[PDB]
file final09.txt (compact mmCIF, C-alpha atoms)
# COMPACT_ATOMS: atom_id res chain seq x y z
CA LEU A 1 -4.76 5.07 -19.53
CA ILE A 2 -3.28 2.00 -17.80
CA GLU A 3 -4.57 -0.76 -15.49
CA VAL A 4 -3.34 -2.92 -12.58
CA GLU A 5 -1.76 -6.20 -13.78
CA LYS A 6 -1.21 -7.14 -10.12
CA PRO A 7 -3.62 -6.04 -7.40
CA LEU A 8 -2.66 -5.74 -3.71
CA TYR A 9 -2.91 -8.47 -1.04
CA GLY A 10 -4.55 -8.40 2.42
CA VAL A 11 -1.85 -9.02 5.05
CA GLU A 12 -1.88 -9.20 8.87
CA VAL A 13 0.64 -7.67 11.31
CA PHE A 14 1.23 -7.59 15.08
CA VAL A 15 1.61 -3.83 15.68
CA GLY A 16 5.36 -3.32 15.13
CA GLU A 17 5.94 -5.86 12.34
CA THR A 18 5.99 -4.66 8.71
CA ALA A 19 3.14 -4.92 6.17
CA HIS A 20 3.83 -5.33 2.43
CA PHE A 21 1.77 -4.18 -0.57
CA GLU A 22 2.87 -4.64 -4.21
CA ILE A 23 1.16 -3.62 -7.48
CA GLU A 24 2.43 -3.52 -11.09
CA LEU A 25 1.01 -1.07 -13.66
CA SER A 26 1.41 -0.90 -17.45
CA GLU A 27 3.38 2.29 -18.20
CA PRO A 28 6.34 3.67 -16.26
CA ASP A 29 6.78 7.37 -15.38
CA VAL A 30 4.15 8.15 -12.71
CA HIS A 31 3.53 8.60 -8.97
CA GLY A 32 0.38 7.31 -7.21
CA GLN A 33 -0.30 7.39 -3.45
CA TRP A 34 -1.38 4.69 -0.98
CA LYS A 35 -4.09 5.41 1.63
CA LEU A 36 -5.61 3.32 4.45
CA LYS A 37 -9.40 2.87 4.57
CA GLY A 38 -9.09 6.02 2.43
CA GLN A 39 -6.89 8.56 4.26
CA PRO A 40 -3.94 10.05 2.35
CA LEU A 41 -1.41 10.28 5.19
CA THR A 42 2.20 11.22 4.36
CA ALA A 43 5.30 8.98 4.13
CA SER A 44 6.98 9.81 7.46
CA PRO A 45 8.92 7.98 10.17
CA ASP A 46 6.19 5.31 10.34
CA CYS A 47 5.62 5.15 6.56
CA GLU A 48 8.13 3.64 4.10
CA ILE A 49 6.93 4.09 0.50
CA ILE A 50 9.55 3.10 -2.11
CA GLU A 51 8.38 3.14 -5.75
CA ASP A 52 10.56 3.39 -8.88
CA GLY A 53 7.65 4.01 -11.29
CA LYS A 54 7.28 0.97 -13.56
CA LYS A 55 6.72 -0.57 -10.11
CA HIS A 56 5.18 0.41 -6.75
CA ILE A 57 6.06 -1.16 -3.37
CA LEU A 58 4.79 -0.15 0.09
CA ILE A 59 6.34 -1.03 3.47
CA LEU A 60 4.41 -0.03 6.61
CA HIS A 61 6.15 -0.75 9.94
CA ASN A 62 4.72 -1.12 13.48
CA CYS A 63 1.18 -0.60 12.13
CA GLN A 64 -1.30 0.57 14.79
CA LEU A 65 -4.81 -0.82 15.33
CA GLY A 66 -6.45 1.96 13.28
CA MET A 67 -4.77 0.67 10.10
CA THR A 68 -7.71 -1.76 10.45
CA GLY A 69 -9.04 -1.13 6.92
CA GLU A 70 -8.04 -1.73 3.28
CA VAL A 71 -5.00 -0.55 1.30
CA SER A 72 -6.48 1.21 -1.76
CA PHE A 73 -3.73 2.50 -4.08
CA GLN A 74 -4.46 5.29 -6.59
CA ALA A 75 -2.56 6.09 -9.81
CA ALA A 76 -3.52 7.61 -13.19
CA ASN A 77 -6.53 5.35 -13.89
CA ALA A 78 -5.52 2.22 -11.94
CA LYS A 79 -7.04 1.40 -8.53
CA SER A 80 -6.26 -1.55 -6.22
CA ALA A 81 -7.71 -2.51 -2.82
CA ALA A 82 -6.29 -5.18 -0.47
CA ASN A 83 -7.25 -6.11 3.11
CA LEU A 84 -5.15 -5.17 6.16
CA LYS A 85 -5.89 -5.69 9.87
CA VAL A 86 -3.71 -4.60 12.81
CA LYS A 87 -3.89 -7.12 15.69
CA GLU A 88 -2.59 -6.30 19.19
CA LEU A 89 -0.22 -8.51 21.22
call {"tool": "encode", "arguments": {"input": "final09.txt", "output": "structure tokens"}}
result
Amino acid sequence: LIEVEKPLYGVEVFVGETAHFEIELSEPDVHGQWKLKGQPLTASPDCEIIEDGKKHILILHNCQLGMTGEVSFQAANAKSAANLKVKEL
């Protein structure tokens, strides 16, 4: 049973830029999963999730307009929720 020493942070992006979401836990050895408003997509060509356990870092690139929601991370018993909005050019 761990918690979230550092929650996420709402960030803006101009479709194409790169969003950033960090969050520290309490115990290493684990694997959560980020999800927009609440949709578990799948790290692909437009998703760059790099986490080494004891730490979790997200890196979304050219984010579309849909991403207009909140980044709620899920892991063991921790749960964060930042704000993210995709603005057009």
call {"tool": "closest_residue", "arguments": {"input": "final09.txt", "among": "A:21, A:51, A:88, A:7", "to": "residue 36 (chain A)", "atoms": "all atoms listed in the file"}}
result
A:21
call {"tool": "atom_distance", "arguments": {"input": "final09.txt", "atom1": "CA of residue 9 (chain A)", "atom2": "CA of residue 23 (chain A)"}}
result
9.0 Å
call {"tool": "residues_around", "arguments": {"input": "final09.txt", "residues": "region 73-75 of chain A", "least_positions_apart": "3", "cutoff": "12 Å", "atoms": "all atoms listed in the file", "output": "PyMOL selection string"}}
result
chain A and resi 1-4+6-9+21-40+49+53-58+70+78-83
call {"tool": "closest_residue", "arguments": {"input": "final09.txt", "among": "A:50, A:43, A:71, A:89", "to": "residue 17 (chain A)", "atoms": "only C-alpha atoms"}}
result
A:89
call {"tool": "residues_around", "arguments": {"input": "final09.txt", "residues": "residue 15 (chain A)", "least_positions_apart": "2", "cutoff": "8 Å", "atoms": "only C-alpha atoms", "output": "list in words"}}
result
residues 13, 17, 61, 62, 63, 64, 65, 86, 87, 88 and 89 of chain A
call {"tool": "atom_distance", "arguments": {"input": "final09.txt", "atom1": "CA of residue 42 (chain A)", "atom2": "CA of residue 77 (chain A)"}}
result
21.1 Å
call {"tool": "atom_distance", "arguments": {"input": "final09.txt", "atom1": "CA of residue 85 (chain A)", "atom2": "CA of residue 67 (chain A)"}}
result
6.5 Å
call {"tool": "closest_residue", "arguments": {"input": "final09.txt", "among": "A:47, A:41, A:84, A:59", "to": "residue 10 (chain A)", "atoms": "all atoms listed in the file"}}
result
A:84
call {"tool": "axis_aligned_box", "arguments": {"input": "final09.txt", "around": "region 27-39 of chain A", "padding_each_side": "4 Å", "output": "AutoDock Vina command-line options"}}
result
--center_x -1.3 --center_y 5.4 --center_z -6.8 --size_x 24.2 --size_y 14.3 --size_z 30.8
call {"tool": "decode", "arguments": {"input": "final09.txt", "residues": "region 23-72 of chain A", "atoms": "N, CA and C atoms", "output": "compact mmCIF listing (two decimals), in the first residue's frame"}}
result
# COMPACT_ATOMS: atom_id res chain seq x y z
N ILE A 23 5.31 11.85 -11.47
CA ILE A 23 4.62 11.40 -10.22
C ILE A 23 5.50 10.40 -9.46
N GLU A 24 5.86 10.72 -8.25
CA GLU A 24 6.72 9.80 -7.46
C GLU A 24 5.87 8.95 -6.51
N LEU A 25 6.23 7.71 -6.32
CA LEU A 25 5.44 6.84 -5.41
C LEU A 25 6.19 6.64 -4.09
N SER A 26 6.06 5.49 -3.49
CA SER A 26 6.76 5.24 -2.20
C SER A 26 7.62 3.97 -2.30
N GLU A 27 7.15 2.99 -3.02
CA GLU A 27 7.93 1.73 -3.15
C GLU A 27 8.19 1.41 -4.62
N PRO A 28 9.41 1.02 -4.90
CA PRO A 28 9.79 0.68 -6.29
C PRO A 28 9.18 -0.66 -6.71
N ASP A 29 9.54 -1.15 -7.86
CA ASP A 29 8.98 -2.46 -8.32
C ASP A 29 7.47 -2.33 -8.56
N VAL A 30 7.08 -1.93 -9.74
CA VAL A 30 5.62 -1.78 -10.03
C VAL A 30 5.42 -1.33 -11.48
N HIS A 31 4.19 -1.17 -11.89
CA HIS A 31 3.93 -0.73 -13.29
C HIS A 31 2.48 -0.23 -13.42
N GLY A 32 2.28 1.05 -13.30
CA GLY A 32 0.89 1.60 -13.41
C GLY A 32 0.57 1.86 -14.88
N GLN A 33 -0.39 2.70 -15.14
CA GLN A 33 -0.76 3.00 -16.56
C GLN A 33 -1.49 4.34 -16.64
N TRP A 34 -1.02 5.23 -17.48
CA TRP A 34 -1.69 6.56 -17.60
C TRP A 34 -2.93 6.43 -18.49
N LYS A 35 -3.86 7.35 -18.37
CA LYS A 35 -5.09 7.28 -19.21
C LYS A 35 -5.75 8.66 -19.28
N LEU A 36 -6.03 9.14 -20.47
CA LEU A 36 -6.68 10.47 -20.60
C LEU A 36 -7.97 10.52 -19.78
N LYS A 37 -8.83 11.45 -20.06
CA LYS A 37 -10.11 11.54 -19.28
C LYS A 37 -10.36 10.23 -18.54
N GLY A 38 -9.88 9.14 -19.08
CA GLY A 38 -10.09 7.82 -18.41
C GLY A 38 -10.08 6.71 -19.45
N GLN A 39 -9.28 6.85 -20.48
CA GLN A 39 -9.22 5.80 -21.53
C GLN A 39 -7.81 5.21 -21.60
N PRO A 40 -7.70 3.95 -21.25
CA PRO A 40 -6.39 3.26 -21.27
C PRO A 40 -5.97 2.97 -22.72
N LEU A 41 -5.30 3.90 -23.34
CA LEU A 41 -4.86 3.68 -24.75
C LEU A 41 -3.75 2.62 -24.79
N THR A 42 -2.66 2.91 -25.44
CA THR A 42 -1.54 1.93 -25.51
C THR A 42 -0.28 2.60 -26.06
N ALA A 43 0.72 2.75 -25.24
CA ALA A 43 1.98 3.40 -25.70
C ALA A 43 2.28 3.00 -27.15
N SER A 44 2.15 3.91 -28.07
CA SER A 44 2.44 3.59 -29.49
C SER A 44 3.39 4.62 -30.09
N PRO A 45 3.16 4.94 -31.33
CA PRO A 45 4.00 5.93 -32.04
C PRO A 45 3.68 7.34 -31.53
N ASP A 46 2.51 7.54 -30.98
CA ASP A 46 2.15 8.88 -30.47
C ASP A 46 2.17 8.89 -28.94
N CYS A 47 2.61 7.81 -28.34
CA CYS A 47 2.66 7.75 -26.85
C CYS A 47 4.07 7.36 -26.39
N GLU A 48 4.67 8.16 -25.56
CA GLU A 48 6.05 7.84 -25.07
C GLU A 48 6.05 7.69 -23.55
N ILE A 49 5.78 6.51 -23.05
CA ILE A 49 5.77 6.31 -21.58
C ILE A 49 7.09 5.68 -21.12
N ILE A 50 7.85 6.40 -20.34
CA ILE A 50 9.15 5.84 -19.86
C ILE A 50 9.19 5.85 -18.33
N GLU A 51 9.01 4.72 -17.71
CA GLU A 51 9.03 4.67 -16.22
C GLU A 51 10.02 3.61 -15.73
N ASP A 52 10.83 3.94 -14.76
CA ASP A 52 11.82 2.95 -14.24
C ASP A 52 11.37 2.43 -12.87
N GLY A 53 10.09 2.46 -12.60
CA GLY A 53 9.60 1.97 -11.28
C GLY A 53 9.67 3.09 -10.25
N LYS A 54 10.53 2.95 -9.29
CA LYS A 54 10.67 3.99 -8.23
C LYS A 54 10.24 5.35 -8.78
N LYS A 55 10.06 5.45 -10.07
CA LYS A 55 9.64 6.75 -10.67
C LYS A 55 8.77 6.52 -11.91
N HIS A 56 7.94 7.47 -12.24
CA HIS A 56 7.06 7.32 -13.43
C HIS A 56 7.03 8.63 -14.22
N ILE A 57 7.41 8.60 -15.47
CA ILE A 57 7.40 9.85 -16.28
C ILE A 57 6.66 9.64 -17.60
N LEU A 58 5.79 10.54 -17.96
CA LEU A 58 5.03 10.39 -19.24
C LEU A 58 5.50 11.45 -20.24
N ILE A 59 5.38 11.18 -21.51
CA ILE A 59 5.81 12.17 -22.53
C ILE A 59 4.93 12.08 -23.77
N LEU A 60 3.82 12.77 -23.78
CA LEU A 60 2.92 12.71 -24.97
C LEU A 60 3.37 13.74 -26.01
N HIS A 61 3.41 13.35 -27.26
CA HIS A 61 3.84 14.30 -28.32
C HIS A 61 2.62 14.92 -29.02
N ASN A 62 2.82 15.54 -30.15
CA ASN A 62 1.67 16.17 -30.88
C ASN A 62 0.34 15.66 -30.32
N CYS A 63 -0.09 16.21 -29.22
CA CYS A 63 -1.39 15.76 -28.62
C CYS A 63 -2.56 16.36 -29.41
N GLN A 64 -3.54 15.56 -29.72
CA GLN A 64 -4.70 16.06 -30.50
C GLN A 64 -5.63 16.90 -29.62
N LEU A 65 -6.76 17.28 -30.15
CA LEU A 65 -7.72 18.10 -29.37
C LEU A 65 -8.47 17.21 -28.37
N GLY A 66 -8.72 15.98 -28.73
CA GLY A 66 -9.44 15.06 -27.80
C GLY A 66 -8.74 15.06 -26.44
N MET A 67 -7.45 14.84 -26.43
CA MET A 67 -6.70 14.82 -25.15
C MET A 67 -7.26 15.88 -24.20
N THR A 68 -8.27 16.61 -24.62
CA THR A 68 -8.86 17.65 -23.74
C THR A 68 -9.52 17.00 -22.52
N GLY A 69 -8.74 16.64 -21.53
CA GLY A 69 -9.32 16.01 -20.32
C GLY A 69 -8.33 16.09 -19.16
N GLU A 70 -8.22 15.05 -18.38
CA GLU A 70 -7.27 15.07 -17.24
C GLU A 70 -6.38 13.82 -17.27
N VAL A 71 -5.15 13.95 -16.85
CA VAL A 71 -4.24 12.77 -16.86
C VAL A 71 -4.32 12.04 -15.51
N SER A 72 -5.15 11.04 -15.42
CA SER A 72 -5.28 10.29 -14.14
C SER A 72 -4.40 9.03 -14.17
